[PDB]
Amino acid sequence: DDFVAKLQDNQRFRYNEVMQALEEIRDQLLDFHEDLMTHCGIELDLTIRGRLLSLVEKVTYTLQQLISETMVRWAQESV
Amino acid sequence: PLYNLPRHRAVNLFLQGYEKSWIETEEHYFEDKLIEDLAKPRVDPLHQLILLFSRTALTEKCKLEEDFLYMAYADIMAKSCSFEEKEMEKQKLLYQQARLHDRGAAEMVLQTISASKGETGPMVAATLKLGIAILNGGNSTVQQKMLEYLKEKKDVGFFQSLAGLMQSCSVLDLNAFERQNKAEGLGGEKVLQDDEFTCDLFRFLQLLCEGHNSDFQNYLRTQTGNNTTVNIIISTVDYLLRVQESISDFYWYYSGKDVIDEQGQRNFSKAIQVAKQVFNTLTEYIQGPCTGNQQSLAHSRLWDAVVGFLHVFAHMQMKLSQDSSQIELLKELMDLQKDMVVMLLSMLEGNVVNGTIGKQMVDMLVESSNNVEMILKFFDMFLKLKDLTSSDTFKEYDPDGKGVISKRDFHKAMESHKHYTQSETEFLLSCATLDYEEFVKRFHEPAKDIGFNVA
């Protein structure tokens, strides 16, 4: 929610300031999904792109040990 | 407007972007850690996992389902497969297939093809990635387990399925391309209808015969145990012949426009890598010179296939050698030409002096006479190139030496060296001032070793 809140206006603010001060609208006048993918897929190849690189490292994941241990431990001992 | 006006649709479209770009990562290197963990001793934990799939492939249900366990354990299984290190890894690979082919895993590949008859689903398209990643060295124990299993537990239903698998699979057809041409003019699902399944079928069929199993190339022709017989050798010619008409006709669409678009290059190259791959599995039925296999393939319609393959090469080698935008394509175009003659060379290793087989190879070189002289003359454009740029008349024609001379002092140079005629100097002068050391490095290198086997 708040990650798109610090993105939905901020890039559009750069659009609005460059609309008077200046290809430019040719890339910011495409369809919505292609524009979202263009803004998102460049963050791994602004200052907002430091937030996602803190995010995806924190969405790594404990019971994941003991489940994966016990499932093979059951199969090891008996047919 | 860019997602400042709606609120929930912004975060919704961000989710739809975040799944597409960011999620597909590569932490996934567990794929040998897990398979080594499962083979840790009764019956091994891995051993009854294949005892599950061999049972489920055996209960007859007249068709096959998706069963998305199977597409995660017939893929995690196949993600687990300079003279010291070119033989240390060969023993490492032959150990990573003794981890599986001890455990009956040469049966759950050979059964789940025989159960689903002709269905080209993603159930079959993830056993062929297993059946390839087990035979990957051209193995010889595993090629023996599959043959002995197909003689004491006699399956007609495998070879019925392999012809049934090979029946449709593909052809690059431009009728679907022209609709894709027209709609995209104002607004990747064409290319041979998922070529990646078709490469991985014939590459599986080749790896059953690498190492020249002189029985197992003679089990695919007569198939002497069973009641009815499928002849895959004649039937694998007929897939090639259907790919012949495709890449011929997709050239014919380009006979006048002659600027190959980017959507054509990406769609032509995948039409070649199937044609190159199907020629390799035509070699290995012949190479170990089993003469019964090359009798039947001689009477078939291979000769009408190889005629039209020359018919592409007579013109496509010319017109694609005109711009810099096709040199990435032109290397693969030659690599098909190199792999075509390699198989028909393997036809000729049983001649006598006036053998019957070579005589027909004169005939298709007679019955397609007028298309061989373009490819013979095209090599002479780039084979005289190496020394006529090395001659002392041209090295100090104009310069001392820099790597560039002129276009005009180039022009009379081939007119003064008197090797090319005037009409073929301009074919050198397509675009090729020039580059004295790059144009030789560009043009001459894929001219010779491809032109080797022609000689």
# chains A, B, ... in the order shown; residues from 1 in each chain; ligands from 1

$ residues_around --residues "segment 407-419 of chain B" --least-positions-apart "4" --cutoff "7 Å" --atoms "only C-alpha atoms" --output "VMD selection string"
chain B and resid 425 433 to 434

$ write_last_selection --atoms "N, CA, C and O atoms" --output "mmCIF file, in the first residue's frame"
data_model
loop_
_atom_site.group_PDB
_atom_site.id
_atom_site.type_symbol
_atom_site.label_atom_id
_atom_site.label_comp_id
_atom_site.auth_asym_id
_atom_site.auth_seq_id
_atom_site.Cartn_x
_atom_site.Cartn_y
_atom_site.Cartn_z
ATOM 1 N N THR B 425 32.705 -9.037 -58.491
ATOM 2 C CA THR B 425 33.322 -8.027 -57.649
ATOM 3 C C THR B 425 32.287 -7.190 -56.918
ATOM 4 O O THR B 425 32.523 -6.791 -55.776
ATOM 5 N N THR B 433 35.222 3.045 -48.223
ATOM 6 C CA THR B 433 36.327 2.224 -47.751
ATOM 7 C C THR B 433 35.818 0.970 -47.039
ATOM 8 O O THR B 433 34.627 0.851 -46.746
ATOM 9 N N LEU B 434 36.738 0.043 -46.755
ATOM 10 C CA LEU B 434 36.424 -1.244 -46.137
ATOM 11 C C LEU B 434 37.244 -1.459 -44.874
ATOM 12 O O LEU B 434 37.835 -0.517 -44.341
#

$ closest_atom_pairs --of "chain B" --to "chain A" --cutoff "9 Å" --atoms "only C-alpha atoms" --output "CSV"
residue,atom,partner,partner_atom,distance
B:1,CA,A:29,CA,7.5
B:2,CA,A:32,CA,6.8
B:3,CA,A:8,CA,5.9
B:4,CA,A:8,CA,5.2
B:5,CA,A:8,CA,8.9
B:7,CA,A:8,CA,8.9
B:8,CA,A:1,CA,8.8
B:10,CA,A:4,CA,7.1
B:11,CA,A:4,CA,6.2
B:13,CA,A:33,CA,6.7
B:14,CA,A:36,CA,6.6
B:16,CA,A:33,CA,8.2
B:17,CA,A:37,CA,5.3
B:18,CA,A:40,CA,7.2
B:20,CA,A:37,CA,8.0
B:21,CA,A:41,CA,5.6
B:22,CA,A:41,CA,7.2
B:23,CA,A:56,CA,8.7
B:37,CA,A:72,CA,8.5
B:38,CA,A:72,CA,7.2
B:40,CA,A:76,CA,7.8
B:41,CA,A:76,CA,6.4
B:42,CA,A:78,CA,6.5
B:43,CA,A:79,CA,6.2
B:44,CA,A:76,CA,6.5
B:45,CA,A:75,CA,5.4
B:46,CA,A:75,CA,9.0
B:48,CA,A:79,CA,7.8

$ atom_distance --atom1 "atom CA of residue 172 of chain B" --atom2 "atom CA of residue 375 of chain B"
25.2 Å

$ residues_around --residues "residue 245 of chain B" --least-positions-apart "4" --cutoff "8 Å" --atoms "only C-alpha atoms" --output "PDB file with C-alpha atoms, in the first residue's frame"
ATOM      1  CA  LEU B 241       9.901 -33.675 -45.026  1.00  0.00           C
ATOM      2  CA  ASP B 249       7.687 -21.554 -48.002  1.00  0.00           C
ATOM      3  CA  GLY B 308      14.483 -28.459 -51.265  1.00  0.00           C
TER       4      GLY B 308
END

$ closest_residue --among "B:195, B:210, B:304, B:258" --to "residue 280 of chain B" --atoms "only C-alpha atoms"
B:210

$ residues_around --residues "residue 276 of chain B" --least-positions-apart "4" --cutoff "12 Å" --atoms "only C-alpha atoms" --output "VMD selection string"
chain B and resid 198 to 199 202 to 203 240 243 to 244 269 to 272 280 to 283 309 332 to 343

$ atom_distance --atom1 "atom CA of residue 285 of chain B" --atom2 "atom CA of residue 206 of chain B"
7.9 Å

$ closest_residue --among "B:205, B:440, B:39, B:376" --to "residue 317 of chain B" --atoms "only C-alpha atoms"
B:376

$ residues_around --residues "segment 132-144 of chain B" --least-positions-apart "3" --cutoff "8 Å" --atoms "only C-alpha atoms" --output "list in words"
residues 78, 81, 93, 94, 97, 101, 106, 128, 129, 147, 148, 200, 203, 204, 207, 208, 209, 210 and 211 of chain B

$ write_last_selection --atoms "N, CA, C and O atoms" --output "short mmCIF file (atom, residue, chain, number, x, y, z; two decimals), in the first residue's frame"
data_model
loop_
_atom_site.label_atom_id
_atom_site.label_comp_id
_atom_site.auth_asym_id
_atom_site.auth_seq_id
_atom_site.Cartn_x
_atom_site.Cartn_y
_atom_site.Cartn_z
N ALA B 78 15.82 -34.08 -13.11
CA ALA B 78 16.65 -33.76 -14.26
C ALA B 78 17.34 -32.41 -14.14
O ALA B 78 17.88 -31.93 -15.14
N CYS B 81 21.82 -33.31 -13.31
CA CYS B 81 22.67 -33.99 -14.26
C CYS B 81 23.37 -32.99 -15.17
O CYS B 81 23.96 -32.02 -14.71
N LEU B 93 29.48 -37.23 -14.09
CA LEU B 93 28.18 -37.34 -14.73
C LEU B 93 27.69 -38.77 -14.73
O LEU B 93 26.51 -39.02 -14.50
N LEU B 94 28.58 -39.74 -14.94
CA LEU B 94 28.19 -41.14 -14.89
C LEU B 94 27.88 -41.61 -13.48
O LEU B 94 27.36 -42.71 -13.32
N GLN B 97 24.05 -40.39 -12.92
CA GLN B 97 22.99 -41.17 -13.53
C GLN B 97 22.95 -42.58 -13.00
O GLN B 97 21.99 -43.30 -13.28
N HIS B 101 19.50 -44.46 -12.37
CA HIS B 101 19.16 -45.65 -13.14
C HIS B 101 19.44 -46.95 -12.41
O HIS B 101 19.21 -48.01 -12.98
N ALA B 106 14.89 -45.74 -15.23
CA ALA B 106 14.78 -45.98 -16.65
C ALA B 106 13.47 -46.65 -17.01
O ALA B 106 13.31 -47.10 -18.14
N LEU B 128 10.56 -36.18 -21.16
CA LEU B 128 11.62 -36.08 -22.14
C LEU B 128 12.77 -35.23 -21.65
O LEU B 128 13.91 -35.52 -22.00
N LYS B 129 12.51 -34.24 -20.81
CA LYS B 129 13.62 -33.60 -20.13
C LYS B 129 14.28 -34.50 -19.11
O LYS B 129 15.43 -34.25 -18.75
N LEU B 147 16.43 -51.50 -23.62
CA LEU B 147 16.18 -52.50 -24.65
C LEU B 147 15.76 -53.82 -24.03
O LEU B 147 14.88 -54.50 -24.58
N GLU B 148 16.35 -54.20 -22.91
CA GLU B 148 15.97 -55.48 -22.33
C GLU B 148 14.58 -55.40 -21.72
O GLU B 148 13.89 -56.42 -21.65
N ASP B 200 13.27 -31.58 -28.09
CA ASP B 200 13.53 -32.50 -27.00
C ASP B 200 12.88 -33.85 -27.23
O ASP B 200 12.95 -34.71 -26.37
N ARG B 203 16.02 -35.26 -29.92
CA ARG B 203 17.23 -35.38 -29.13
C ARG B 203 17.11 -36.51 -28.14
O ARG B 203 18.11 -37.16 -27.83
N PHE B 204 15.90 -36.83 -27.67
CA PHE B 204 15.76 -38.07 -26.94
C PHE B 204 15.86 -39.27 -27.85
O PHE B 204 16.36 -40.32 -27.43
N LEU B 207 19.66 -39.98 -28.55
CA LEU B 207 20.41 -40.49 -27.40
C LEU B 207 20.08 -41.91 -27.05
O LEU B 207 20.65 -42.43 -26.10
N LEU B 208 19.16 -42.54 -27.74
CA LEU B 208 18.99 -43.96 -27.64
C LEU B 208 19.95 -44.73 -28.51
O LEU B 208 20.03 -45.95 -28.38
N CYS B 209 20.68 -44.07 -29.39
CA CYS B 209 21.54 -44.79 -30.33
C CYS B 209 22.97 -44.27 -30.34
O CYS B 209 23.76 -44.71 -31.17
N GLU B 210 23.32 -43.34 -29.45
CA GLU B 210 24.70 -42.87 -29.42
C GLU B 210 25.60 -43.93 -28.85
O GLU B 210 25.22 -44.66 -27.93
N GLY B 211 26.81 -44.01 -29.37
CA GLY B 211 27.65 -45.14 -29.09
C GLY B 211 27.43 -46.31 -30.02
O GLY B 211 28.06 -47.35 -29.82
#

$ select_by_dssp --residues "segment 26-73 of chain A" --states "alpha helix (DSSP H)" --output "ChimeraX atom specification"
/A:26-27,32-41,49-58,63-73

$ write_last_selection --atoms "N, CA, C and O atoms" --output "compact mmCIF listing (two decimals), in the first residue's frame"
# COMPACT_ATOMS: atom_id res chain seq x y z
N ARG A 26 6.32 9.98 -24.93
CA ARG A 26 6.16 8.78 -25.75
C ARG A 26 6.31 7.51 -24.93
O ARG A 26 5.74 6.47 -25.26
N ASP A 27 7.09 7.58 -23.85
CA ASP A 27 7.22 6.45 -22.95
C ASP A 27 6.24 6.51 -21.78
O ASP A 27 5.86 5.46 -21.25
N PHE A 32 -1.22 0.92 -19.30
CA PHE A 32 -0.95 0.97 -17.86
C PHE A 32 -0.03 -0.16 -17.42
O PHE A 32 0.91 0.06 -16.65
N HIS A 33 -0.28 -1.38 -17.92
CA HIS A 33 0.46 -2.55 -17.46
C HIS A 33 1.90 -2.52 -17.95
O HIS A 33 2.82 -2.87 -17.20
N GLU A 34 2.11 -2.10 -19.20
CA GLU A 34 3.46 -1.98 -19.74
C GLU A 34 4.24 -0.88 -19.03
O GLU A 34 5.45 -1.03 -18.81
N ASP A 35 3.57 0.20 -18.64
CA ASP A 35 4.21 1.24 -17.87
C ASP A 35 4.58 0.79 -16.46
O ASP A 35 5.65 1.14 -15.96
N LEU A 36 3.70 0.01 -15.82
CA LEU A 36 4.02 -0.55 -14.51
C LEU A 36 5.18 -1.52 -14.57
O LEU A 36 6.08 -1.47 -13.72
N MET A 37 5.20 -2.38 -15.59
CA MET A 37 6.32 -3.29 -15.77
C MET A 37 7.60 -2.55 -16.13
O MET A 37 8.68 -2.98 -15.70
N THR A 38 7.52 -1.44 -16.86
CA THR A 38 8.71 -0.67 -17.17
C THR A 38 9.26 0.02 -15.93
O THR A 38 10.48 0.08 -15.74
N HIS A 39 8.38 0.55 -15.08
CA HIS A 39 8.83 1.17 -13.85
C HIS A 39 9.37 0.15 -12.86
O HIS A 39 10.26 0.48 -12.07
N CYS A 40 8.86 -1.08 -12.90
CA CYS A 40 9.25 -2.08 -11.92
C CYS A 40 10.46 -2.91 -12.32
O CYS A 40 11.30 -3.20 -11.46
N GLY A 41 10.60 -3.28 -13.59
CA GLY A 41 11.67 -4.16 -14.00
C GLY A 41 13.01 -3.51 -14.13
O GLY A 41 14.01 -4.20 -14.35
N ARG A 49 13.99 2.64 -5.37
CA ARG A 49 14.49 1.31 -5.69
C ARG A 49 15.38 0.73 -4.59
O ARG A 49 15.73 -0.45 -4.66
N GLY A 50 15.76 1.53 -3.59
CA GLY A 50 16.36 0.98 -2.39
C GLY A 50 15.37 0.31 -1.46
O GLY A 50 15.78 -0.52 -0.63
N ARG A 51 14.08 0.63 -1.57
CA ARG A 51 13.09 0.02 -0.70
C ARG A 51 12.77 -1.41 -1.12
O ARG A 51 12.67 -2.29 -0.25
N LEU A 52 12.62 -1.67 -2.42
CA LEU A 52 12.36 -3.03 -2.89
C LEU A 52 13.54 -3.94 -2.63
O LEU A 52 13.36 -5.12 -2.30
N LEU A 53 14.76 -3.43 -2.77
CA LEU A 53 15.92 -4.27 -2.53
C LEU A 53 16.12 -4.53 -1.04
O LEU A 53 16.87 -5.44 -0.68
N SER A 54 15.48 -3.74 -0.18
CA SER A 54 15.37 -4.14 1.21
C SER A 54 14.19 -5.08 1.42
O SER A 54 14.17 -5.87 2.37
N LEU A 55 13.19 -5.00 0.53
CA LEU A 55 12.01 -5.84 0.70
C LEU A 55 12.29 -7.29 0.35
O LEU A 55 12.10 -8.17 1.19
N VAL A 56 12.75 -7.56 -0.88
CA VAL A 56 12.86 -8.93 -1.37
C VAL A 56 13.90 -9.72 -0.59
O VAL A 56 13.79 -10.95 -0.45
N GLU A 57 14.88 -9.05 0.00
CA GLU A 57 15.74 -9.74 0.95
C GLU A 57 15.00 -10.08 2.24
O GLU A 57 15.36 -11.06 2.90
N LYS A 58 13.96 -9.33 2.60
CA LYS A 58 13.22 -9.63 3.82
C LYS A 58 12.04 -10.56 3.58
O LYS A 58 11.40 -10.97 4.56
N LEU A 63 10.01 -24.18 11.39
CA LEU A 63 9.34 -25.44 11.08
C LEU A 63 9.73 -26.00 9.72
O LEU A 63 9.57 -27.20 9.50
N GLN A 64 10.24 -25.16 8.83
CA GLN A 64 10.76 -25.61 7.54
C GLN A 64 11.94 -26.57 7.71
O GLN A 64 12.17 -27.40 6.83
N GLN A 65 12.66 -26.48 8.82
CA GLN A 65 13.61 -27.52 9.18
C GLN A 65 12.90 -28.83 9.47
O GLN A 65 13.17 -29.85 8.84
N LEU A 66 11.97 -28.81 10.43
CA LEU A 66 11.50 -30.05 11.02
C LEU A 66 10.51 -30.78 10.14
O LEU A 66 10.46 -32.01 10.21
N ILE A 67 9.75 -30.07 9.31
CA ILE A 67 8.89 -30.73 8.34
C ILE A 67 9.72 -31.56 7.39
O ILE A 67 9.71 -32.79 7.46
N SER A 68 10.60 -30.90 6.62
CA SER A 68 11.53 -31.52 5.68
C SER A 68 12.46 -32.53 6.31
O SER A 68 13.02 -33.35 5.59
N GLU A 69 12.68 -32.47 7.62
CA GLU A 69 13.41 -33.55 8.26
C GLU A 69 12.50 -34.75 8.52
O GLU A 69 12.87 -35.89 8.22
N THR A 70 11.30 -34.51 9.04
CA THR A 70 10.44 -35.61 9.44
C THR A 70 9.85 -36.36 8.27
O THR A 70 9.63 -37.57 8.38
N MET A 71 9.59 -35.68 7.15
CA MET A 71 9.05 -36.38 5.99
C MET A 71 10.02 -37.40 5.44
O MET A 71 9.61 -38.51 5.12
N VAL A 72 11.30 -37.07 5.39
CA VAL A 72 12.25 -38.07 4.93
C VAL A 72 12.56 -39.05 6.05
O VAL A 72 12.80 -40.23 5.76
N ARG A 73 12.44 -38.64 7.32
CA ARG A 73 12.70 -39.57 8.41
C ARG A 73 11.65 -40.66 8.47
O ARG A 73 11.94 -41.80 8.85

$ closest_residue --among "A:23, A:6, A:62, A:16" --to "residue 46 of chain A" --atoms "only C-alpha atoms"
A:6
